[PDB]
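S.K.: output the structure for:
(7 chains, ligands or ions: 26)
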Amino acid sequence: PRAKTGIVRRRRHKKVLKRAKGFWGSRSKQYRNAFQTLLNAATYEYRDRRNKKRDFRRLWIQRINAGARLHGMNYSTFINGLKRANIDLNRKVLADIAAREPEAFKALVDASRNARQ
Amino acid sequence: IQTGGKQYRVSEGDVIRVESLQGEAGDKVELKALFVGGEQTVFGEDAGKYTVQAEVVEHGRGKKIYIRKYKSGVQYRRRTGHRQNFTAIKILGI
Amino acid sequence: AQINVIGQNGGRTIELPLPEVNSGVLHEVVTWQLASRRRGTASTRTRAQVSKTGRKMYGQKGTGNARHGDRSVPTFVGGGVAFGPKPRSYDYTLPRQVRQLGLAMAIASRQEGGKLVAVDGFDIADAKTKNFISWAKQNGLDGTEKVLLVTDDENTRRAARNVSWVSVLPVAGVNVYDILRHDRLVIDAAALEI
Amino acid sequence: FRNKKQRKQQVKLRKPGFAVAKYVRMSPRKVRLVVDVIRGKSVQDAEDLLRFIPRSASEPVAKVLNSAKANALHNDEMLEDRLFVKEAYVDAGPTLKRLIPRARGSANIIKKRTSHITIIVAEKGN
Amino acid sequence: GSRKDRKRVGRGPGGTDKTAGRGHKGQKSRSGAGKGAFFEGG
RNA sequence: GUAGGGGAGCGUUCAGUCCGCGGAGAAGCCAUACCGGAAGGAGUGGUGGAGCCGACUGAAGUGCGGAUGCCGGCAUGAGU
RNA sequence: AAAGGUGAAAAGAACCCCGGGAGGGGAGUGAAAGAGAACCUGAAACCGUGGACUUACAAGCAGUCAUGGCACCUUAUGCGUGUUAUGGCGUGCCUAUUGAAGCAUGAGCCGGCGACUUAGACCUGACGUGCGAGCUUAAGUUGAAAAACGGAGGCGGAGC
Ligand SMILES: [K+]
Ligand SMILES: [K+]
Ligand SMILES: [K+]
Ligand SMILES: [K+]
Ligand SMILES: [Mg+2]
Ligand SMILES: [Mg+2]
Ligand SMILES: [Mg+2]
Ligand SMILES: [Mg+2]
Ligand SMILES: [Mg+2]
Ligand SMILES: [Mg+2]
Ligand SMILES: [Mg+2]
Ligand SMILES: [Mg+2]
Ligand SMILES: [Mg+2]
Ligand SMILES: [Mg+2]
Ligand SMILES: [Mg+2]
Ligand SMILES: [Mg+2]
Ligand SMILES: [Mg+2]
Ligand SMILES: [Mg+2]
Ligand SMILES: [Mg+2]
Ligand SMILES: [Mg+2]
Ligand SMILES: [Mg+2]
Ligand SMILES: [Mg+2]
Ligand SMILES: [Mg+2]
Ligand SMILES: [Mg+2]
Ligand code: NA
Ligand code: NA
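M.R.: Numbering: from 1, shown residues only, chains lettered A, B, ... in the order given. Ligands and ions are numbered 1, 2, ... in the order given. Structure as follows:
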């Protein structure tokens, strides 16, 4: 008994191709180039899952030291002034606090200075 | 966050890690670290005076994400399905 | 332990194969049986010698963008097949003891539900067929389930022609596949039986 | 409604203001060049431009324009003083492959394109 | 019956196919091909 | 984690068997934001105008991006 | 070499409109013309028309992640779908190699075809089953909508 490859290769291929959306060129229309894009695509996806965390952390920091600086301190001094006191252990989300509620974050700064010198 | 959503929140149902106890309306007590309840800023430790009460809404199953790996020139292509489970909790505390 | 419907009455003869019927054991059997049925059929020009084509073509080096010799090879639309179907047999000889054991275990499988025997079919009376069905309707044989008759006597077969009711089996040519194929079984004669 | 069968016998499906010249022994591209000038404009104007455009696709494009108008006027009973080229376009037809002998023994293949010039007219509607 | 009839649970195992494995290049790397005359005697 | 060894499965055609579906409409094709740990599977709609899923089991001409591969169609060079 | 297919049956389009024609639009036949005779299905490359969101100081393996704008809500008004601006990041695939994005090999694109098979009571091992100190037949004969008969022979059984 024979067994053509009928319908199989079409579906596989279509699954691949349907992945290609904002895909410029023949990346989105010719199978091979599509699949091939999908390799390096893998690479980027997987690494970016890990990377996005680095990114965000950086973001939050970049805000936090700004807040710090708005009063007369910095990020080093500020976080450190929450380490000396087991009191404040926010760390995460702090950026949102310096971005939305200024007064609160002022209070935190004042606390940091008070738990240092 | 890591677990247990503190902070000041006005009755909102959020989604975090699972909470073991399956069911519904299971009282969930959480410690605070900051909040603006009545425009009164309160730091950590002292916040222990106030605690958040939350009820479980539903045990939803995460969003479907395909995990793909690839190393060029060596073959190695990996494809496996994944969804991390959770639960929704309705914040309603002090 | 099955009692004869028409005529005598025994059923306590014939020992039953242990354990209480084993699937895999019938598996080995049926498989072997259908295997001896498969016929040798393989219309394929696997050989590159079998199809129509020359032996030389284009030059090895030179022409460029080629490198081929004949036009009958598997890589060619129209050539031969690489590793295609050859006419073969696939008929072995499943160990006798195991074939003997087979149908024993088959009947065994039928002795725990739809089992039926009968001596002498004076009720048949020529072909007719109609009175044969009428007969079945007096033996739990509605005609809802498939049945296999394994009895000698021409006149009885002659009066047995249908698809869902029963089935004719000349000269006790028993076969695990057959019995296990139909639901009820009608051994009738006590030739091979007891 | 019903299902997919009934709708078929209850409606025949008409094409208001539609003409097609199929198989025109010209390459689509040129004819595109000619058509482009009529894209969405008065049918009168249309007839007038085709009469002066120095290209030869002009002819068949013209003939089809007219056939459309003819249809809208006789088969669709439209008001010709409000007619205009709603839409028009040229698709490639089957191709005429011809074997043209080149130098040193090699041959090529001339590709003689054809065309399905279609054009569809319509009342302006303000 | 004929449909609830299973196997011996460990009788016949799937055959080894060499086409497709997202990293299969059957045989050695070099010097092993369309050549079955190496032998182990001599 | 490469060569390599071991294990569990998906998918396709044919075959037996069983449960069946089909003019109020099969397969095939087309779309899709759903499901599964992967191979994949399903719902709905569109097209179609006759046949075909699922389960279990057996057998293979059984899974393609490559081979200056084979056949065929259509592009680029250009309105040159 | 290649080349199959109207429909149940020709009733396979009388007549009218544009055109030299080809071609087409009506009308009618038929269940269907979304079957019209270079007529079953009608995938992909490839060409084109319409629409949405976009683009004319930036260096682009053509993605990926994050955010914003705009648009649409048939698995689907809040989970997302489409598109896009900007930021971060980012050296095609295969092969062959000590070492490849390589300025090393292959390849225009898509479709279809295309490669670890089969045979020999052969040899050796794993697994499974039937028998068990014994275990099995081969040719063939007789029967075939089924299979039984056939112990010439081979392996155990003592080694050196
Ligand atoms: K393997
Ligand atoms: K005509
Ligand atoms: K490869
Ligand atoms: K053994
Ligand atoms: Mg980290
Ligand atoms: Mg070349
Ligand atoms: Mg042939
Ligand atoms: Mg009618
Ligand atoms: Mg090699
Ligand atoms: Mg070497
Ligand atoms: Mg050779
Ligand atoms: Mg030798
Ligand atoms: Mg029909
Ligand atoms: Mg093959
Ligand atoms: Mg290729
Ligand atoms: Mg080259
Ligand atoms: Mg070619
Ligand atoms: Mg020019
Ligand atoms: Mg030039
Ligand atoms: Mg020039
Ligand atoms: Mg790389
Ligand atoms: Mg280069
Ligand atoms: Mg190169
Ligand atoms: Mg070289
Ligand atoms: Na699907
Ligand atoms: Na456009």
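S.K.: need the contact partners of stretch C:63-74.
M.R.: Identification of contacts with stretch C:63-74 by CB atoms under 8 Å, 6 or more residues apart in numbering or on different chains yields C:48-49, C:51-60, C:76, C:78-82. Placement of C-beta: from N, CA and C, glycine included.
S.K.: spatially speaking, which residue is in the middle of chain B?
M.R.: Chain B has residue B:16 as the residue nearest its centroid, 1.9 Å off, counting by CA atoms, centre = their mean.
S.K.: surely that residue touches residue B:85?
M.R.: No: the pair residue B:16 / residue B:85 is not scored as a contact, 11.2 Å apart, by CB atoms under 8 Å.
S.K.: hey, where'd the helices end up in the chain?
M.R.: This is for chain A. A:8-19, A:31-69, A:75-83, A:94-99, A:102-114 (DSSP state H).
S.K.: meant chain D actually
M.R.: D:6-10, D:28-35, D:43-49, D:58-74.
S.K.: and the angle for the longest one with helix D:28-35?
M.R.: Angular relation of helix D:58-74 and helix D:28-35 on a 0 to 180 degree scale: 60 degrees, by axes from the mean of the first three to the mean of the last three CA atoms, to 10 degrees.
S.K.: does helix D:58-74 come close to RNA strand G?
M.R.: Yes: counting by CB under 7 Å from any atom of the strand, RNA strand G is contacted by helix D:58-74 at D:60, D:63, D:64, D:66, D:67, D:70, D:71, D:73, D:74.
S.K.: please apply the same query to the third one.
M.R.: No: Helix D:43-49 is not in contact with RNA strand G by CB under 7 Å from any atom of the strand; minimum separation 11.4 Å.
S.K.: what is that helix packed up against?
M.R.: helix D:58-74, strand D:83-92 (3 or more CB pairs under 8 Å, 6 or more residues apart in numbering or on different chains; DSSP states H and E).
S.K.: and if you look at the first one?
M.R.: Of the remaining helices and strands, none touches helix D:6-10 by 3+ CB pairs under 8 Å, 6+ apart.
S.K.: please see if that helix touches RNA strand G.
M.R.: Yes: for helix D:6-10 and RNA strand G, the contact criterion (CB under 7 Å from any atom of the strand) is met by D:7, D:8, D:9.
S.K.: just to revisit the earlier point, just the residues of helix D:58-74 next to RNA strand G that are near RNA strand F?
M.R.: Filtered for proximity to RNA strand F (CB under 7 Å from any atom of the strand), those leave an empty set.
S.K.: can you add neighbour count and give these back as a markdown table?
M.R.: Shown next, in a markdown table, are the residues of helix D:58-74 next to RNA strand G (neighbours: other CB atoms under 10 Å in any protein chain shown):
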| residue | neighbour count |
| --- | --- |
| D:60 | 19 |
| D:63 | 15 |
| D:64 | 22 |
| D:66 | 16 |
| D:67 | 15 |
| D:70 | 12 |
| D:71 | 18 |
| D:73 | 15 |
| D:74 | 9 |
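S.K.: ok, so of those residues, who is nearest chain C?
M.R.: residue D:60 (39.9 Å; CB to the nearest CB).
S.K.: surely that closest one touches residue D:21?
M.R.: Yes: with contact defined as CB under 8 Å, residue D:60 reaches residue D:21; the gap is 5.6 Å.
S.K.: residues near the residue of chain C found nearest chain A, how many?
M.R.: As assessed by CB to the nearest CB, chain A sits closest to residue C:85 within chain C, at 7.6 Å. Using other CB atoms under 10 Å in any protein chain shown, residue C:85 has 13 other residues around it.
S.K.: sec struct for it, please.
M.R.: Of the three states, residue C:85 takes coil according to DSSP: H, G, I helix; E, B strand; the rest coil.
S.K.: equivalent analysis for residue C:28, please.
M.R.: helix.
S.K.: same check on the one 4 residues further on?
M.R.: Classification of residue C:32 using three-state DSSP returns helix.
S.K.: measure it to residue D:47 for me?
M.R.: Distance, residue C:32 to residue D:47, using CB to CB, to the nearest Å: 85 Å.
S.K.: neighbour-wise, which of the two wins?
M.R.: A side-by-side neighbour count of residue C:32 and residue D:47, using other CB under 10 Å, places residue C:32 first with 20 against 14.
S.K.: just give the nearest non-adjacent residue to the more buried one, would you?
M.R.: Of all residues beyond its chain neighbours, the one nearest residue C:32 is residue C:94 (4.0 Å), with distances taken as CB to CB, 6 or more residues apart in numbering or on different chains.
S.K.: ok, now how distant is that neighbour from residue E:15?
M.R.: Taken as CB to CB, the span from residue C:94 to residue E:15 is 21 Å.
S.K.: between the two, which is the more surrounded one?
M.R.: Counted by other CB under 10 Å, residue C:94 and residue E:15 do not tie: residue C:94 has more neighbours, with 15 against 5.
S.K.: quick one, what contacts the more buried one?
M.R.: C:28, C:29, C:32.
S.K.: out of these, who's nearest RNA strand G?
M.R.: Proximity of these to RNA strand G (CB to the nearest atom of the strand) peaks at residue C:28, which lies at 5.4 Å.
S.K.: can you give me the neighbour number for that closest one?
M.R.: When neighbours are counted by other CB under 10 Å, residue C:28 registers 20.
S.K.: nearest residue to the middle of the chain?
M.R.: Reading this off chain A. In chain A, the residue lying closest to the centroid (CA atoms, centre = their mean) is residue A:52, at 2.6 Å.
S.K.: actually it's chain E I care about, not the one you picked
M.R.: residue E:16 (3.0 Å).
S.K.: element containing that residue?
M.R.: For residue E:16, there is no enclosing helix or strand under DSSP states H and E.
S.K.: separation between it and residue B:61?
M.R.: The value you get for residue E:16 to residue B:61, if CB to CB is used, is 38 Å.
S.K.: how about residue C:39?
M.R.: Distance from residue C:39 to residue B:61, by CB to CB: 53 Å.
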